[PDB]
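Peer 1: data_15.cif is reproduced below (mmCIF, C-alpha atoms and all ligand atoms).
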data_my_file
loop_
_atom_site.label_atom_id
_atom_site.label_comp_id
_atom_site.auth_asym_id
_atom_site.auth_seq_id
_atom_site.Cartn_x
_atom_site.Cartn_y
_atom_site.Cartn_z
CA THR A 5 81.56 110.40 69.23
CA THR A 6 81.29 106.95 70.77
CA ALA A 7 84.36 105.59 72.52
CA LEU A 8 86.31 102.79 70.84
CA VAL A 9 87.69 99.80 72.74
CA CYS A 10 90.77 97.98 71.43
CA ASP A 11 92.02 95.00 73.47
CA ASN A 12 95.30 93.87 71.89
CA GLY A 13 96.27 90.28 72.69
CA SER A 14 99.26 88.12 71.84
CA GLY A 15 97.20 86.11 69.38
CA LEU A 16 93.96 88.03 68.84
CA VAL A 17 92.82 91.63 68.49
CA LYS A 18 89.41 92.44 69.99
CA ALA A 19 87.99 95.78 68.91
CA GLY A 20 84.59 97.38 69.06
CA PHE A 21 82.45 100.26 70.21
CA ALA A 22 82.03 101.20 73.84
CA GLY A 23 78.51 100.17 74.84
CA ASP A 24 78.29 97.01 72.75
CA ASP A 25 78.06 93.70 74.58
CA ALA A 26 80.81 92.12 72.45
CA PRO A 27 83.58 93.26 70.10
CA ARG A 28 82.55 93.57 66.46
CA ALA A 29 86.07 92.94 65.13
CA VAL A 30 88.10 89.89 66.20
CA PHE A 31 91.06 88.93 64.02
CA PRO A 32 94.58 87.49 64.38
CA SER A 33 97.29 89.81 65.74
CA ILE A 34 99.56 89.04 62.79
CA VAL A 35 101.36 91.13 60.15
CA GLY A 36 102.56 89.45 56.93
CA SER A 52 102.35 93.93 54.16
CA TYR A 53 99.12 92.23 55.23
CA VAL A 54 97.33 92.30 58.57
CA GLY A 55 95.14 89.68 60.21
CA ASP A 56 93.19 87.13 58.20
CA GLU A 57 94.56 88.43 54.89
CA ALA A 58 98.09 87.65 56.08
CA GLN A 59 97.05 84.28 57.51
CA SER A 60 95.69 83.11 54.14
CA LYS A 61 98.57 84.45 52.00
CA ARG A 62 101.34 83.10 54.26
CA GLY A 63 103.26 81.24 51.54
CA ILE A 64 104.83 84.35 50.01
CA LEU A 65 104.94 86.23 53.30
CA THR A 66 106.70 85.85 56.64
CA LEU A 67 104.33 86.29 59.57
CA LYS A 68 105.21 88.25 62.71
CA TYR A 69 103.35 88.63 66.01
CA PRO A 70 103.96 92.24 67.18
CA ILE A 71 102.76 91.33 70.70
CA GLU A 72 104.69 88.69 72.63
CA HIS A 73 103.45 87.35 75.98
CA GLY A 74 101.11 90.33 76.07
CA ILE A 75 103.88 92.90 75.57
CA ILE A 76 104.09 94.99 72.41
CA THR A 77 107.55 94.24 71.01
CA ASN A 78 107.22 95.49 67.39
CA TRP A 79 105.89 99.04 67.04
CA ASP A 80 105.94 99.41 63.23
CA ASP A 81 103.88 96.22 62.91
CA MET A 82 101.70 97.24 65.86
CA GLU A 83 100.93 100.42 63.97
CA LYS A 84 99.82 98.36 60.97
CA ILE A 85 97.47 96.43 63.29
CA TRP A 86 95.83 99.56 64.73
CA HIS A 87 95.46 100.94 61.21
CA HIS A 88 93.79 97.66 60.07
CA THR A 89 91.53 97.81 63.15
CA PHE A 90 90.31 101.40 62.63
CA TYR A 91 89.90 101.53 58.85
CA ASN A 92 89.57 98.00 57.46
CA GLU A 93 87.69 96.25 60.29
CA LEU A 94 85.72 98.93 62.18
CA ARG A 95 85.66 101.54 59.37
CA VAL A 96 85.66 104.43 61.84
CA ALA A 97 87.62 107.68 61.97
CA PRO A 98 90.01 107.54 64.96
CA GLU A 99 90.04 111.35 65.04
CA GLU A 100 86.35 111.31 66.09
CA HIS A 101 86.44 108.80 68.95
CA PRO A 102 87.98 108.61 72.43
CA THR A 103 89.89 105.32 72.33
CA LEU A 104 90.46 102.94 75.24
CA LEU A 105 93.38 100.49 74.85
CA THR A 106 94.37 97.60 77.12
CA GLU A 107 97.76 96.54 78.42
CA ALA A 108 99.29 93.58 80.14
CA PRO A 109 100.02 93.74 83.87
CA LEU A 110 103.50 95.08 84.64
CA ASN A 111 103.68 96.68 81.18
CA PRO A 112 106.84 98.83 81.07
CA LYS A 113 106.40 102.60 81.31
CA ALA A 114 108.16 103.17 77.98
CA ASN A 115 105.62 100.91 76.27
CA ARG A 116 102.64 102.84 77.65
CA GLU A 117 104.15 106.14 76.48
CA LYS A 118 104.81 104.84 72.95
CA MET A 119 101.23 103.54 72.83
CA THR A 120 99.97 107.01 73.81
CA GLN A 121 102.23 108.81 71.31
CA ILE A 122 101.05 106.71 68.34
CA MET A 123 97.38 107.14 69.25
CA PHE A 124 97.68 110.94 69.40
CA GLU A 125 100.30 111.54 66.70
CA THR A 126 99.57 108.83 64.13
CA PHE A 127 95.83 108.28 64.59
CA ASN A 128 95.07 111.73 66.04
CA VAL A 129 92.54 110.54 68.65
CA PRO A 130 90.67 113.21 70.62
CA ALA A 131 91.08 111.24 73.87
CA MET A 132 92.48 107.92 75.00
CA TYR A 133 93.03 105.67 78.00
CA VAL A 134 95.11 102.59 78.84
CA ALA A 135 93.66 100.01 81.22
CA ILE A 136 95.11 96.80 82.64
CA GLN A 137 93.43 93.84 80.95
CA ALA A 138 92.88 91.79 84.12
CA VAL A 139 91.26 94.78 85.84
CA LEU A 140 88.73 95.05 82.98
CA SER A 141 87.86 91.37 83.39
CA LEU A 142 87.12 91.93 87.07
CA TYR A 143 84.80 94.81 86.17
CA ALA A 144 83.06 92.68 83.57
CA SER A 145 81.92 90.40 86.39
CA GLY A 146 80.67 93.35 88.47
CA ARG A 147 83.61 93.24 90.89
CA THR A 148 86.15 95.84 92.03
CA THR A 149 88.12 93.53 94.34
CA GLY A 150 89.20 89.97 93.62
CA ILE A 151 91.90 87.95 91.91
CA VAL A 152 91.86 87.34 88.16
CA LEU A 153 93.29 84.36 86.30
CA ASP A 154 93.83 85.78 82.78
CA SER A 155 95.02 83.19 80.27
CA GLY A 156 95.11 83.75 76.54
CA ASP A 157 97.25 82.66 73.63
CA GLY A 158 100.70 83.81 74.75
CA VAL A 159 100.63 84.54 78.46
CA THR A 160 98.85 83.69 81.70
CA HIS A 161 98.70 86.10 84.65
CA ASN A 162 97.46 85.92 88.24
CA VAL A 163 96.32 89.41 89.22
CA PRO A 164 95.07 90.26 92.72
CA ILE A 165 93.14 93.54 92.62
CA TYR A 166 92.11 95.85 95.46
CA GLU A 167 89.39 98.33 94.42
CA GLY A 168 90.60 98.68 90.84
CA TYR A 169 94.30 98.71 91.79
CA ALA A 170 96.49 95.76 90.75
CA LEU A 171 98.78 94.80 93.65
CA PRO A 172 102.16 94.92 91.86
CA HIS A 173 104.14 92.66 94.20
CA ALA A 174 101.57 89.84 94.00
CA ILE A 175 101.18 89.74 90.21
CA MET A 176 102.33 86.43 88.70
CA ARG A 177 103.36 85.94 85.07
CA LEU A 178 103.45 82.50 83.43
CA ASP A 179 104.58 82.07 79.81
CA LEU A 180 102.28 79.12 79.13
CA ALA A 181 98.99 79.74 77.34
CA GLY A 182 96.83 78.59 74.43
CA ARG A 183 99.60 78.52 71.85
CA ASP A 184 101.67 76.32 74.16
CA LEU A 185 98.70 73.98 74.61
CA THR A 186 98.23 73.86 70.84
CA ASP A 187 101.87 72.88 70.33
CA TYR A 188 101.50 70.16 72.97
CA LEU A 189 98.33 68.84 71.36
CA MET A 190 100.15 68.57 68.02
CA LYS A 191 102.93 66.57 69.71
CA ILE A 192 100.73 64.07 71.58
CA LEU A 193 98.52 63.65 68.52
CA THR A 194 101.60 62.62 66.54
CA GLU A 195 102.64 60.23 69.30
CA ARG A 196 99.17 58.66 68.89
CA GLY A 197 99.62 57.95 65.17
CA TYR A 198 98.48 61.13 63.46
CA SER A 199 100.93 63.66 62.01
CA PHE A 200 100.54 67.45 62.13
CA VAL A 201 103.59 69.43 60.98
CA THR A 202 102.56 72.07 58.45
CA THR A 203 101.06 75.34 59.62
CA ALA A 204 97.74 74.40 58.00
CA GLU A 205 97.78 71.35 60.26
CA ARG A 206 98.39 73.67 63.22
CA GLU A 207 95.21 75.66 62.58
CA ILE A 208 93.35 72.35 62.51
CA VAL A 209 94.87 71.09 65.78
CA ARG A 210 93.99 74.42 67.38
CA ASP A 211 90.40 73.83 66.31
CA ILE A 212 90.50 70.32 67.78
CA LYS A 213 91.80 71.69 71.08
CA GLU A 214 88.96 74.21 71.34
CA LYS A 215 86.33 71.64 70.29
CA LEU A 216 87.23 68.39 72.07
CA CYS A 217 89.53 69.29 74.99
CA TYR A 218 88.50 69.53 78.66
CA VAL A 219 90.06 69.64 82.12
CA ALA A 220 89.72 66.44 84.11
CA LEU A 221 88.62 66.64 87.74
CA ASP A 222 91.01 63.78 88.70
CA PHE A 223 93.79 63.45 86.12
CA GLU A 224 95.13 60.08 87.31
CA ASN A 225 91.68 58.49 87.42
CA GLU A 226 90.78 59.99 84.04
CA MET A 227 93.96 58.46 82.64
CA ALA A 228 92.96 55.08 84.04
CA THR A 229 89.43 55.48 82.67
CA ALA A 230 90.70 56.38 79.19
CA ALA A 231 93.09 53.41 79.00
CA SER A 232 90.40 50.85 79.95
CA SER A 233 87.39 52.07 77.93
CA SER A 234 86.43 54.25 74.97
CA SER A 235 83.73 56.34 76.69
CA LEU A 236 85.96 59.45 76.69
CA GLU A 237 86.75 59.24 72.96
CA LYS A 238 85.62 61.96 70.53
CA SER A 239 86.09 62.25 66.77
CA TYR A 240 87.19 65.15 64.55
CA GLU A 241 86.97 64.67 60.78
CA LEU A 242 89.26 66.48 58.36
CA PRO A 243 88.12 67.55 54.87
CA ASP A 244 90.05 64.67 53.23
CA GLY A 245 87.96 62.11 55.14
CA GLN A 246 90.43 61.29 57.90
CA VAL A 247 88.74 60.81 61.27
CA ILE A 248 90.82 61.96 64.24
CA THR A 249 89.69 60.08 67.35
CA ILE A 250 91.20 61.04 70.70
CA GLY A 251 90.88 59.87 74.27
CA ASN A 252 93.20 61.06 77.03
CA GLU A 253 94.68 63.63 74.65
CA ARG A 254 91.46 65.58 75.29
CA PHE A 255 92.37 66.26 78.94
CA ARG A 256 96.16 65.74 78.82
CA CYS A 257 96.48 68.91 76.70
CA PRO A 258 94.87 71.41 79.13
CA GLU A 259 96.30 69.38 82.03
CA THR A 260 99.53 71.21 81.16
CA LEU A 261 98.05 74.28 82.90
CA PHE A 262 98.15 72.45 86.23
CA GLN A 263 101.32 70.46 85.45
CA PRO A 264 103.57 72.70 83.33
CA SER A 265 106.22 69.97 83.51
CA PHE A 266 104.26 68.21 80.73
CA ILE A 267 106.01 70.55 78.28
CA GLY A 268 109.25 70.73 80.30
CA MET A 269 108.49 73.86 82.35
CA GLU A 270 109.62 73.95 85.99
CA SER A 271 106.85 76.35 87.03
CA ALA A 272 103.95 75.33 89.24
CA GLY A 273 100.45 75.00 87.81
CA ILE A 274 97.89 77.76 87.54
CA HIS A 275 96.34 76.56 90.80
CA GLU A 276 99.62 77.16 92.67
CA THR A 277 100.35 80.51 91.00
CA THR A 278 96.89 81.57 92.16
CA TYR A 279 97.71 80.51 95.73
CA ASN A 280 101.21 81.97 95.67
CA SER A 281 99.72 85.23 94.41
CA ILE A 282 97.13 85.31 97.18
CA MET A 283 99.90 84.60 99.71
CA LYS A 284 101.92 87.58 98.44
CA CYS A 285 99.01 89.87 99.41
CA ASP A 286 98.18 91.29 102.81
CA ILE A 287 96.60 88.62 104.99
CA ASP A 288 93.59 90.96 105.36
CA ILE A 289 92.70 90.77 101.65
CA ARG A 290 93.18 87.01 101.10
CA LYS A 291 89.65 86.25 102.30
CA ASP A 292 88.11 88.46 99.63
CA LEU A 293 90.38 87.04 96.93
CA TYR A 294 89.59 83.39 97.75
CA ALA A 295 85.89 84.19 97.37
CA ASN A 296 86.34 86.11 94.06
CA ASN A 297 88.45 84.07 91.62
CA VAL A 298 87.51 85.45 88.19
CA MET A 299 88.60 83.41 85.17
CA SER A 300 89.45 85.36 82.03
CA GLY A 301 90.75 84.60 78.56
CA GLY A 302 90.25 82.02 75.84
CA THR A 303 92.52 79.50 77.55
CA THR A 304 90.12 79.42 80.55
CA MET A 305 87.27 78.15 78.28
CA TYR A 306 88.05 74.42 78.74
CA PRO A 307 85.01 72.57 80.15
CA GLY A 308 85.68 71.52 83.72
CA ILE A 309 88.41 74.09 84.47
CA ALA A 310 86.27 75.96 87.02
CA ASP A 311 85.49 72.83 89.03
CA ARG A 312 89.16 71.82 88.88
CA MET A 313 90.32 75.21 90.20
CA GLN A 314 87.74 74.97 92.99
CA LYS A 315 89.22 71.61 93.96
CA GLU A 316 92.88 72.60 93.61
CA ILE A 317 92.51 75.86 95.53
CA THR A 318 90.47 74.19 98.29
CA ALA A 319 93.29 71.69 98.83
CA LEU A 320 95.81 74.57 99.18
CA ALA A 321 93.80 77.08 101.25
CA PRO A 322 92.89 76.96 104.95
CA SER A 323 90.26 74.28 105.55
CA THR A 324 87.74 76.91 106.72
CA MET A 325 88.21 79.15 103.66
CA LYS A 326 85.22 79.92 101.43
CA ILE A 327 86.42 79.37 97.83
CA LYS A 328 84.56 80.62 94.77
CA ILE A 329 85.52 80.43 91.09
CA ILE A 330 83.71 82.78 88.68
CA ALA A 331 83.94 81.65 85.04
CA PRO A 332 81.55 83.70 82.89
CA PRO A 333 80.37 82.06 79.67
CA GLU A 334 81.65 85.10 77.74
CA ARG A 335 85.15 85.08 79.27
CA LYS A 336 86.75 84.82 75.83
CA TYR A 337 86.04 88.58 75.62
CA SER A 338 85.87 89.56 79.31
CA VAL A 339 88.71 92.06 78.92
CA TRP A 340 86.97 93.82 76.03
CA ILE A 341 83.59 93.67 77.79
CA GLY A 342 85.06 95.24 80.91
CA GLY A 343 86.48 98.02 78.74
CA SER A 344 83.16 98.59 77.00
CA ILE A 345 81.54 99.04 80.41
CA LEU A 346 84.31 101.28 81.73
CA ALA A 347 84.51 103.61 78.72
CA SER A 348 80.72 104.08 78.53
CA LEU A 349 80.18 104.94 82.21
CA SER A 350 79.58 108.60 83.03
CA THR A 351 81.90 108.51 86.06
CA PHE A 352 84.78 107.62 83.71
CA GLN A 353 84.38 110.51 81.24
CA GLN A 354 86.72 112.77 83.26
CA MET A 355 89.44 110.08 83.34
CA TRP A 356 90.25 110.22 79.63
CA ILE A 357 93.59 111.69 78.60
CA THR A 358 92.64 114.52 76.29
CA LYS A 359 94.40 115.75 73.18
CA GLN A 360 95.00 119.12 74.85
CA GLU A 361 96.84 117.44 77.72
CA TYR A 362 98.97 115.45 75.27
CA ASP A 363 99.50 118.37 72.88
CA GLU A 364 100.85 120.42 75.80
CA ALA A 365 102.61 117.93 78.12
CA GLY A 366 103.50 115.04 75.79
CA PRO A 367 103.51 111.24 76.02
CA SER A 368 104.57 111.01 79.65
CA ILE A 369 101.18 112.47 80.70
CA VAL A 370 99.84 108.90 80.53
CA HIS A 371 101.30 108.28 84.03
CA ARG A 372 98.63 110.72 85.34
CA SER B 66 85.54 111.13 95.46
CA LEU B 67 85.11 110.09 91.82
CA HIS B 68 87.18 106.97 92.48
CA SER B 69 84.63 105.85 95.05
CA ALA B 70 81.95 106.90 92.54
CA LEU B 71 83.65 104.85 89.83
CA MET B 72 83.75 101.78 92.10
CA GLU B 73 80.05 102.36 92.79
CA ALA B 74 79.23 102.61 89.08
CA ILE B 75 80.86 99.25 88.29
CA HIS B 76 78.90 97.52 91.06
CA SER B 77 75.58 99.10 89.99
CA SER B 78 76.40 99.14 86.26
CA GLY B 79 74.80 95.74 85.70
CA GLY B 80 77.62 94.31 83.61
CA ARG B 81 77.10 92.93 80.12
CA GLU B 82 73.31 92.94 80.57
CA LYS B 83 73.25 96.73 80.11
CA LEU B 84 75.18 96.65 76.84
CA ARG B 85 73.57 96.72 73.40
CA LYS B 86 73.30 93.31 71.76
CA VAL B 87 75.18 93.03 68.48
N1 LIG C 401 86.88 76.95 73.55
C1 LIG C 401 88.22 77.10 73.71
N2 LIG C 401 88.96 76.18 74.35
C2 LIG C 401 90.29 76.30 74.53
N3 LIG C 401 90.99 77.36 74.10
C3 LIG C 401 90.36 78.36 73.44
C4 LIG C 401 88.91 78.30 73.20
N4 LIG C 401 88.58 79.43 72.54
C5 LIG C 401 89.72 80.14 72.36
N5 LIG C 401 90.77 79.50 72.89
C6 LIG C 401 92.18 79.93 72.92
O1 LIG C 401 92.32 81.19 73.55
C7 LIG C 401 93.41 81.87 72.92
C8 LIG C 401 93.00 83.30 72.57
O2 LIG C 401 92.45 83.87 73.74
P1 LIG C 401 92.65 85.43 74.06
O3 LIG C 401 92.02 86.25 72.95
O4 LIG C 401 92.19 85.68 75.47
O5 LIG C 401 94.25 85.58 74.07
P2 LIG C 401 95.05 86.92 73.64
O6 LIG C 401 94.56 88.13 74.39
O7 LIG C 401 95.11 86.95 72.14
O8 LIG C 401 96.53 86.55 74.17
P3 LIG C 401 97.23 87.01 75.55
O9 LIG C 401 96.12 87.47 76.47
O10 LIG C 401 97.92 85.75 76.04
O11 LIG C 401 98.17 88.10 75.09
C9 LIG C 401 93.84 81.07 71.70
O12 LIG C 401 95.01 80.32 72.06
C10 LIG C 401 92.70 80.10 71.50
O13 LIG C 401 93.10 78.87 70.92
CA CA C 402 94.50 89.17 76.41
CA CA C 403 97.32 94.01 107.22
#
Would you encode the structure as structure tokens?
Ligand SMILES: Nc1ncnc2c1ncn2[C@@H]1O[C@H](COP(=O)(O)OP(=O)(O)OP(=O)(O)O)[C@@H](O)[C@H]1O
Ligand SMILES: [Ca+2]
Ligand SMILES: [Ca+2]

Peer 2:
Amino acid sequence: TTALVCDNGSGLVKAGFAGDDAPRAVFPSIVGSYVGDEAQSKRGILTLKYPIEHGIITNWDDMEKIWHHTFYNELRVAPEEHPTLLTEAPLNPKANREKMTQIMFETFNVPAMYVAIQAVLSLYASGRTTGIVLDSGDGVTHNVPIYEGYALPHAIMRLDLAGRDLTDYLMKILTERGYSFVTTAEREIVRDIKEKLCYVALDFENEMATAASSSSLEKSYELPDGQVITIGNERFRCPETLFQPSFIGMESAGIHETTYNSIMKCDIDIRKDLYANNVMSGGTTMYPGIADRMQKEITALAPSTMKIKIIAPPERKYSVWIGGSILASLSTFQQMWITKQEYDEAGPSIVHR
Amino acid sequence: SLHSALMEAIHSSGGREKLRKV
């Protein structure tokens, strides 16, 4: 009777047991029918679908296959015996939350459940209840100002530019450099290069000048066939897209500006706390040097006297899940679960409290 | 209020340090 925590992302599913310091099951949010890694390997005879797009569940039959694979194949637990905490994207439509609740109680027969906003869990993971979260994963990036556990709806910013977009861009600039990555197998390799050799430059223009004059910024990545992939400015030009979305033809402002615009859409009286509590969350915030860059970009945009602070935990690839593990195992939260009796009697709309 | 109590728990929870290592 230990609570389960399932954090469903656009690209990855993070599942585990409330109380653990990390999720035991992490696998691709893909359905081929095959789910996860099995579908990724046997892709030739199968067509792969992502049931979650830009953090929103858009395919319920496939999403059901993913929860089934999570409970029985990966965690090998009986859903009927465990309160289950799920996560959702900010601004998730009401109809989505109800469908999520209906499937958990009618298809998996959970005894209790809860739906928490992903960014809010990240804030908790860092011991905070007020602050602004930069949550960037594989499909979507969000700026979420939070006041004592409540996400300020009018200040939430959504940006459809995340890890997958940076992977596509890396594939393109690598080809413009001489290498050629087209097949999907070559995409999984480029994704691995991105996560292993990429970083955010403090000064992009100067880094570009430094890369063109010397080879000190060059790193090598060897493929199994013996080919050595050496890259210079591609290391920082890829994640630079976060601050200059125009690199991939997007008119939106960088993540530093969406953070500022979000803070400016909040009451002037809460901006001070937000500036001092920038929590970075998601796999796309793992690039070395991103924290120092945000510190610099935000300082240039905020009042000169403003105290800026960027919090980038080393475990931010799973901050959402960690925050949920903490939440669901606290004693003060045990009376916040939606019970089966409430659902059995009032139905799926009971999720709106 | 439990909400104030919940906010208190998160601040005094200790974070990831109080979770079982896997
Ligand atoms: N060290 C790293 N450097 C850069 N990117 C990374 C690193 N580790 C993971 N990523 C990227 O993070 C992404 C997955 O992160 P995460 O699990 O937070 O996203 P998600 O929840 O699946 O998607 P979303 O939150 O956008 O719906 C992938 O694009 C992956 O390539
Ligand atoms: Ca996520
Ligand atoms: Ca005011």

Peer 1: List all protein, DNA and RNA residues that have an atom no more than 8 Å from any atom of ligand CA 403 (chain C), counting all atoms listed in the file, and report them as a list in words.

Peer 2: residues 286, 287, 288 and 289 of chain A

Peer 1: Please check the contacts: residues of chain B at most 7 Å away from chain A, using all atoms listed in the file, listed as JSON, numbers by chain.

Peer 2: {"B": [67, 70, 71, 72, 75, 76, 79, 80, 81, 84, 85, 86, 87]}

Peer 1: Hey, could you make a per-residue contact list for chain A against ligand LIG 401 (chain C) with 6 Å as the cut-off, showing the nearest pair of atoms and its distance in Å to one decimal, counting all atoms listed in the file, sorted by chain and number, as a Markdown table?

Peer 2:
| residue | atom | partner | partner_atom | distance |
| --- | --- | --- | --- | --- |
| A:13 | CA | C:LIG401 | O6 | 3.2 |
| A:14 | CA | C:LIG401 | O11 | 3.4 |
| A:15 | CA | C:LIG401 | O7 | 3.6 |
| A:16 | CA | C:LIG401 | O7 | 3.7 |
| A:73 | CA | C:LIG401 | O11 | 5.4 |
| A:74 | CA | C:LIG401 | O11 | 3.8 |
| A:155 | CA | C:LIG401 | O10 | 5.7 |
| A:156 | CA | C:LIG401 | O5 | 3.2 |
| A:157 | CA | C:LIG401 | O12 | 3.6 |
| A:158 | CA | C:LIG401 | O10 | 3.6 |
| A:159 | CA | C:LIG401 | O10 | 3.8 |
| A:182 | CA | C:LIG401 | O12 | 3.5 |
| A:183 | CA | C:LIG401 | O12 | 4.9 |
| A:210 | CA | C:LIG401 | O13 | 5.8 |
| A:213 | CA | C:LIG401 | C2 | 6.0 |
| A:214 | CA | C:LIG401 | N2 | 3.6 |
| A:301 | CA | C:LIG401 | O4 | 3.6 |
| A:302 | CA | C:LIG401 | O1 | 3.2 |
| A:303 | CA | C:LIG401 | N3 | 4.3 |
| A:305 | CA | C:LIG401 | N2 | 4.7 |
| A:306 | CA | C:LIG401 | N2 | 4.8 |
| A:336 | CA | C:LIG401 | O4 | 5.5 |

Peer 1: Counting all atoms listed in the file, figure out which residue out of A:272, A:35, A:171, A:71 gets nearest to ligand CA 402 (chain C).

Peer 2: A:71

Peer 1: Between CA of residue 5 (chain A) and CA of residue 109 (chain A), what is the distance in Å, rounded to a tenth?

Peer 2: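 The value is 28.9 Å.
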
Peer 1: Might you pull out every residue within 9 Å of residue 79 (chain A), with only C-alpha atoms counted and same-chain residues fewer than 3 positions away left off, and present them as an MDAnalysis selection string?

Peer 2: chainID A and resid 70 76 82:84 118:119

Peer 1: Write a file of the selected residues as a tab-separated table (two decimals), keeping the file's coordinate frame, keeping C-alpha atoms.

Peer 2:
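Written out: again_10.tsv:
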chain	number	residue	atom	x	y	z
A	70	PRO	CA	103.96	92.24	67.18
A	76	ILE	CA	104.09	94.99	72.41
A	82	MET	CA	101.70	97.24	65.86
A	83	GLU	CA	100.93	100.42	63.97
A	84	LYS	CA	99.82	98.36	60.97
A	118	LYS	CA	104.81	104.84	72.95
A	119	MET	CA	101.23	103.54	72.83
